[PDB]
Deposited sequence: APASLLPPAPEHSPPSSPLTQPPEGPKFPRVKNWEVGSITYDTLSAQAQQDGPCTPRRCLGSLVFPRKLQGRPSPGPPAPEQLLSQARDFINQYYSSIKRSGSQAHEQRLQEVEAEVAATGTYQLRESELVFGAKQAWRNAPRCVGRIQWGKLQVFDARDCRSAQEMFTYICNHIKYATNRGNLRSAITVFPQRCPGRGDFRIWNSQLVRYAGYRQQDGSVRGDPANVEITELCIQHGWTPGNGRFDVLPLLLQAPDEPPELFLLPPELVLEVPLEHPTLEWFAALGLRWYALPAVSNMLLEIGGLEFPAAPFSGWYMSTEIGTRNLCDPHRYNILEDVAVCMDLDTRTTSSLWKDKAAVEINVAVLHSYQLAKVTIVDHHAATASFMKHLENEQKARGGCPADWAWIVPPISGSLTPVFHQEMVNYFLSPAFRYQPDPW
């Protein structure tokens, strides 16, 4: 059992939960590959289902009971008859929460129990899918008082294709390859933008054009759906004391809603199950606006700030990035849209680790993703050793459907 030290306080704990990791990651005793972004049959379906049913009945303080063994035999009977099985509603709710709880790269997991689960497993078409998605966005956005939510579409099943959302998030800004060779808008989204156009979207030419949705029903080409503008809540960016900042014309959207990941519960796979929370400000201020391969505004802000950009040792990059994050926090607070700064987020994650140590004997965590991209060692998670491993239920990456 790995020993884990907090270097700020002196705390020492052991992660006994890692011993239960029943899927393998990319590291070996030869070489650690922890820094890599993408590090990745009825009997085996049965053993996954069995373990998850055990988890569920443990959670309802009913381990080993009549109802517990009843469900086991029921699931085996159904796999033997149909090749698969169906989750009960309460199991789907529990499994979606555990998948969030188990996500090693999520710093916001203190919230894991407060998750609205929308059961869309009856969804019939891409058009019904769109209506489900709009209701998710409306509920989650809640006029700026954001609420965590997931909508679960029908599971993968033999004999029919998958439901898929092609977009990586429900809200994304277009990225248009340009004049010279630049990108106008978000360079991360050049591919999905070109797919939308190919599928009949009439592009705009702004820097913050919200993308339409490409939604795939089983054994169907994807279908294009425009989001009503009044459903997509956005925040214009201003700075509390730098008045020229508003003239940058920058915006970001309220709702972070990941839509391209696969939800796995008890061996069943839901390739369409978009989930949303609220932003940590560094995601917007540091990564989305300052990454060199994203909006890349850092030098322009630093020039406007009259910083000396010809020498690195003036720390112009650091100073401009800090004020961009200030602008994000101030703008969302002004707009009354939920946001959490990286100091509050990491302190609440420390409490989650402590809650999880008592409840489960540990917590899977990916240090490089938990530590924020600015001011790392000023937050307490920097000084916390962590153990990264894969538990199920889980959210997993999956290939792009095109």
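Residues 1-27, 68-78 of the deposited sequence have no C-alpha coordinates in the structure.
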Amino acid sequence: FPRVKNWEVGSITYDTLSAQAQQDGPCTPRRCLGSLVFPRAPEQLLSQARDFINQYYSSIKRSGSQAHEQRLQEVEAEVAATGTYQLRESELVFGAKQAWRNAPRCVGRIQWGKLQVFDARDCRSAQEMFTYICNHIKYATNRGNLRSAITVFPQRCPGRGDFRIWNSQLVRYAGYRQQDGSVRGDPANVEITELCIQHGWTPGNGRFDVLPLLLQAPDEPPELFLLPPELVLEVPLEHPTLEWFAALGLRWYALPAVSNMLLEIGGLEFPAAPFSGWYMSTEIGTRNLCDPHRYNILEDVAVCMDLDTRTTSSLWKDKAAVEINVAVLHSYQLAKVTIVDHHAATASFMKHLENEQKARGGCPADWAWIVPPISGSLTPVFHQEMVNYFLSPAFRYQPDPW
From here on, numbers count along this sequence of modelled residues.
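We call the rigid core whatever largest set of C-alpha positions still superposes within 1.5 Å between the two forms.
When the other structures are laid on the shown form by the core, the C-alphas of 251-259 and 157-165 differ in how far they drift in 8 other deposited structures of this protein; the larger average drift belongs to 157-165. Larger average C-alpha displacement in 8 other deposited structures of this protein, relative to the shown form after a rigid core fit, is seen for 172-180 when comparing 172-180 with 127-135.
Notably, residue 368 is never a gap: all other compared entries of this protein, restricted to those modelling both its neighbours, have coordinates for it, so the one-third criterion is not met. Modelling of residue 26 is complete across the other compared entries in which both of its neighbours are modelled; not even a third of them leave it out.
The stretch 194-202 shows the higher mean C-alpha B-factor when 279-287 is compared against 194-202 in the entry.
The PDB entry reports B-factors from which the mean C-alpha value can be compared for 372-380 and 24-32; the larger average falls on 24-32.
Of the candidates 259, 182, 125, 331, the deposited coordinates give 182 the top C-alpha B factor. Of the residues listed, 345, 339, 67, 335, the entry assigns the biggest Cα temperature factor to 67.
In the PDB entry, residue 105 places in the lowest third of its chain by CA B-factor. Among all modelled residues in its chain, residue 387 ranks in the middle third by Cα B-factor. Sort the chain's modelled residues by C-alpha temperature factor and residue 305 lands in the middle third, per the entry.
In this PDB entry, residue 166 carries a Cα temperature factor that places it within the lowest third of its chain's modelled residues. Per the PDB record, residue ranking by Cα B-factor puts residue 76 in the highest third of the chain.
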